[PDB]
Amino acid sequence: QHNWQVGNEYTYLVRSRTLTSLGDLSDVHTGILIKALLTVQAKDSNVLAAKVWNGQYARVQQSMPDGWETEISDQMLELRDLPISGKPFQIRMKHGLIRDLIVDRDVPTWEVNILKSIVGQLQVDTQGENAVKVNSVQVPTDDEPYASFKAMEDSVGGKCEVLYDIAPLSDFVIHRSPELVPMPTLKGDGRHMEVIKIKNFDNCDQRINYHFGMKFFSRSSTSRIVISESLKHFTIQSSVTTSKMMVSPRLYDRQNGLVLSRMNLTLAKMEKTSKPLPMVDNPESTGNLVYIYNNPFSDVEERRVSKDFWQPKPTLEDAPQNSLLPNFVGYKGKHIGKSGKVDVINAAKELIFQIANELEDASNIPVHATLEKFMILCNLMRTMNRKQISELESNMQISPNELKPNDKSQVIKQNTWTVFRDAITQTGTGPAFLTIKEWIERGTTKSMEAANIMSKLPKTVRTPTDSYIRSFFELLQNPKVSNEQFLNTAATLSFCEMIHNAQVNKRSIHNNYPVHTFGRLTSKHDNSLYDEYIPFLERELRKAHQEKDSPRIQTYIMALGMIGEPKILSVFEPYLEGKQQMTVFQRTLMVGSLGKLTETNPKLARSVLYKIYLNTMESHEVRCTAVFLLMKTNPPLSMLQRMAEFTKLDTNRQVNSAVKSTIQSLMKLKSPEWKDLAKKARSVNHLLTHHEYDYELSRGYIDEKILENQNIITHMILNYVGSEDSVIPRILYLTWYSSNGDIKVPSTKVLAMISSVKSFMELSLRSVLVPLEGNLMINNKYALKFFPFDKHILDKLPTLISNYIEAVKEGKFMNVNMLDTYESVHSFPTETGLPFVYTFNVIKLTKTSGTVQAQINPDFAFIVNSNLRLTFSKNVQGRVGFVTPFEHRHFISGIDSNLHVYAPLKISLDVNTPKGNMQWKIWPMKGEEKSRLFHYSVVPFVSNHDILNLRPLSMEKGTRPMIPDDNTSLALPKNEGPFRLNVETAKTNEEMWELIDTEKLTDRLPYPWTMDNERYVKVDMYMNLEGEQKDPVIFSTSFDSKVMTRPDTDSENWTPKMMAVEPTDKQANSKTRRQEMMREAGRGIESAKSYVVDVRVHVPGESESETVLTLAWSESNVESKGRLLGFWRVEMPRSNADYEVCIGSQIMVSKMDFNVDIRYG
Ligand SMILES: *[C@@H]1O[C@H](CO)[C@@H](O[C@@H]2O[C@H](CO)[C@@H](O[C@@H]3O[C@H](CO[C@H]4O[C@H](CO)[C@@H](O)[C@H](O)[C@@H]4O)[C@@H](O)[C@H](O[C@H]4O[C@H](CO)[C@@H](O)[C@H](O)[C@@H]4O)[C@@H]3O)[C@H](O)[C@H]2NC(C)=O)[C@H](O)[C@H]1NC(C)=O
């Protein structure tokens, strides 16, 4: 109860430290230490006077072999003053506990947070004031040092549950450690005690964190407090806290990233007061001991303190207000642009110009670190308002309508436009969306560029509010978007995806957006959805159905499907029942669009899908979809039992094959997710039919790849619906997961459909009832795309091809660039009072540049002289660390990786229609004789840099890569050759990397996927003098008329044994390929017209390898199939290897084909 006495002055020693490290990889730590003093005076019953006055801190980047808890003498540290004002403040007490603090208004919020952390260690609850219904058991106690209750205490990390335990202190411990009891004469007639607190962060009331994504963290807070005489009238002697955070840097590693912290107080003096502390000027309450936010863009301090501790909802003109990320609280708790050394507009301009200039020298992209610059730019523009964006756009003089993209002189301008467009697409704020809206309104972006812009918005928006969606709706109503067919689909799908992820799915609402910083994004009282949006889509669907336009119907069906609200069932009801006519493809799309309803409302979705299944009058491509969808809802045992029993009397082969394959393949699933369903499938197996179906029928299939060593499970779900006319199935479902622990990366799913394969084949052959309909969908982490098509687009395609051919006659220049990013941030305060930041980034690039000119002739000579460049890069960054606002510094431990592919090449295709000769030529271009073609490095590091400097970390003097002591280097090409390969791996014992590079073992696997992906590697594949090559790499391909002989077809014996035609194909010549063409086509010719495709791949130079190939067969319904073809003979002109592997298949059964494996020489 009475922790303190009136008229006494307590002096405490303050010690703390916060460090980051790479874990078991290295023993190098980066961080800071703090030393200070705390003075507390008890002047009244519930009024305390406090002051923290001495302040010193130092930065450490060392190796700590013994441990992070070791003492470091002041003679080994460079100490600096801590910019905190030693202004007195007041602590208000209630029932022996800390209630709130009173601080002068002219004090920064970060200082208030540090004081919260310091004072939170004086909070001892011995009488169970924060009762958790366990203090009643402790009530009948009298002089009992033992107590093991539970409570709910206050700390900078939040207001979370804490476990208590009290027991007396023995004299042996005190003798070993005099540090615990500085002055021991204060116990008087009592005894010493120990209090241990263990903090649980799972269940908790007040939470403060920032999130954006789509449990790997590990928090552990413990305390150790020693108190003097009595459990009611005592004195605090020492208090220490210890916290630890563990993160896997790249989501698939062994949890190596650490952040550690501690706070320390030891009593120094206690004596009667002589001079009192001055009263607090300009008082104001700071709430409880929990972290508080700030206004980043305000000139004066503005604290949101509960008495709702929540930042205001983002608007559509001003920047969002966050208080846990480096760009918002780095500069003394305020915005970075307030520094003066940083002007946002000029920084953005310089970064854009640098990125645009560096894209011309693509072979040096990894060296210059362009993609890291792109990420820095995207981070920087999230702190801009619309006025600043408009000023920047006007200042860079961008007018793509005026600019000519086809001119080689104007390349940097187009690159600036491209980089700026990509950066705004990835910004994700309100001003960015206003900028995009203004662009589309005026006409700066028209069809495909705008469709690409809209395709990425749902995957990059961070704060989807009501105003954001209202503006999106207003944009959807625009004449320009509505009239264009391609832009409309992208815009509508993105709108519906955002609606769903922001309002419908509670899991999406809570676990994907920073709710604990801004509150719930959309108020539950907003009836805008049901009164405005869904009726609009219903009207549009009705109009589209009336006019009989396939792509519009498909777009609105997908749009209503992706919402996932139960009202879409009433929306779809008139079409499903049969009052309104609809085709089978459209009905299948409607039934498959119900996927997100199964995730959110499993019972109702199960009811409707089972009702669809039980009907025997629906087409099989409806019921198969119903089966494939039901098993995503975890049915009960009776359901599966009845479904399995149904197979005996069911009269459809497709449905039975679907259910049997799904149930049988649902057995081997020994995973934490499908365990119960696997057991149910095992229990029901003994009732399925004994009939077996061919692989051409509809079948589902699930792959489980469980790896105990890697602790990662990879899944693979494949559903396809067979057809009664062609072997190729009509509909294909494909999905890839990647689960490690509990967190999963967003999945990649592909959907392909077509109404009739025979119709598609007939249209394809003609170019050289049920309408032709089809669509393709790719939904991955980067964008959502949907291409629906009808017969009109198929008939328009040849016109576009002819127009392109006639337009590239004189010569055309092309410049296509593409940039994509992926983000995931997680931030929360530590137990010292400082932000903790975790980031995971991926950046991609696909650049295709060069001049292309063609020619077409009445002789059908499609003569082309192409000249291209090809590039692909990928950067992956994973970082963990913390920020110190009082010096704008950021401490990072992480691993970065790179991958780079460059394809400088020149092509001359001379394909002739009358005679199937398509002779290519591949050259190295002039001035590019020596160039880099490959790069792959993985680099772990510890960094200590300044936020005001917007530069890649590789150029910062504080960064330190982890180079092993015994690093070595290898140059694989033994002597002079065409190719140069370097490996700069280290430790001479990685084995998995220096064995795949041996290139002398035949059994060695060339695949490098199976390797340790956490080590310093660096590989470069250069090229020395392959250029200036007059001799080309001939790639000549011939063709055959595919004739057949009737006498040989009749009375032709069929045997499983396969003969070898190698002696007949001894001559490896394209001209001699005509001689061998008759033998290959003639063999096994039973009313079949099969041609031969012979390629003569020839490589000139010092080493020549005349690789040859032959595919001579075709698929015919009348024929018995079985392809006899294939031989790869490689001859060295100097030392002939004569590697001549051959294959073949003459089974002629339509069931095992006998294939010869190899034959050497
Ligand atoms: C919370 O913070 C407080 C201080 O803010 C820490 O208290 C300190 O704890 C350390 C370690 O327990 C103490 O260090 C020990 O000091 C002893 C006395 O130092 C000298 O004192 C005088 C000079 O003033 C000399 O005349 C005398 O002869 C002593 O030499 C040392 O004897 C101890 O030596 C230990 O280390 C050496 C070298 O490794 C070994 O050879 C020894 O065998 C022995 O293990 C030791 O250095 C320090 O005194 C404490 N400070 C105070 C003010 O009491 C708490 O430890 C901290 N809490 C946590 C959890 O870290």
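Using PDB author numbering, the letters of the sequence shown map in sequence onto residues 19 to 232, 247 to 339, 385 to 845, 869 to 1250, 1266 to 1276. A virtual CB, placed ideally from N, CA and C, is assigned to each residue, including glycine.
Can you tell me whether residue i sits near ligand 1, meaning its C-beta is under 7 Å from at least one heavy atom of the ligand?
i, result
"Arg33", "yes"
"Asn296", "yes"
"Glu212", "no"
"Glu197", "yes"
Could you check the C-alpha separation between residue i and residue j for me, to the nearest Å?
i, j, result
"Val291", "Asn153", "35 Å"
"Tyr652", "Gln658", "7 Å"
"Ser949", "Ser486", "14 Å"
"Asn1113", "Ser816", "17 Å"
"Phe563", "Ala528", "7 Å"
"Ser195", "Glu89", "16 Å"
"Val1230", "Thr1164", "17 Å"
"residue 862", "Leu774", "What the structure lacks is residue 862: the chain is numbered 845, then 869, with the residues between left out."
"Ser1008", "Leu691", "59 Å"
"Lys601", "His229", "21 Å"
"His892", "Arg1115", "54 Å"
"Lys752", "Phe167", "38 Å"
"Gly638", "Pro823", "19 Å"
"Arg730", "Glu722", "15 Å"
"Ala439", "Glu449", "15 Å"
"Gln224", "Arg110", "21 Å"
So is residue i buried or exposed if we call it buried at 16+ other beta carbons inside 10 Å?
i, result
"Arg1174", "exposed"
"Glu931", "buried"
"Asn941", "buried"
"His768", "exposed"
"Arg539", "buried"
"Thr939", "buried"
"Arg776", "buried"
"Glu650", "exposed"
"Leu1125", "exposed"
Spell out the partners DSSP gives residue i in its beta bridges.
i, result
"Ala68", "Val58, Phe107"
"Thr493", "Partner(s): none; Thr493 has no beta bridge."
"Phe936", "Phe928, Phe982"
"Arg1080", "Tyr1122"
"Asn565", "Per DSSP, none; premise fails for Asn565."
"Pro1014", "Beta-bridge pairing links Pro1014 to no other residue."
"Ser81", "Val46"
"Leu828", "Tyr810, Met877"
"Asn941", "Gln977"
"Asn998", "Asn975, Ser1037"
Along the alpha helix (DSSP H) that carries residue i, what are the first and last residues, could you check?
i, result
"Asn404", "403 to 406"
"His20", "That residue, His20, is in no alpha helix (DSSP H); it is neither H nor E in DSSP."
"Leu809", "It is not in any alpha helix (DSSP H) - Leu809 instead sits in the beta strand (DSSP E) that spans 808 to 813."
"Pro443", "442 to 445"
"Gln623", "611 to 624"
"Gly638", "627 to 640"
When every heavy atom of ligand 2 is checked, does at least one fall within less than 7 Å of the C-beta of residue i?
i, result
"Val272", "Looking at this structure, you won't find ligand 2 anywhere; what it does contain is ligand 1."
What span of residues does the beta strand (DSSP E) with residue i cover, start to end?
i, result
"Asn875", "873 to 879"
"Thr38", "26 to 39"
"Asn796", "789 to 798"
"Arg251", "251 to 259"
"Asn560", "Looking at the DSSP string, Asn560 is not in any beta strand (DSSP E); the run it does join, the alpha helix (DSSP H), is 556 to 560."
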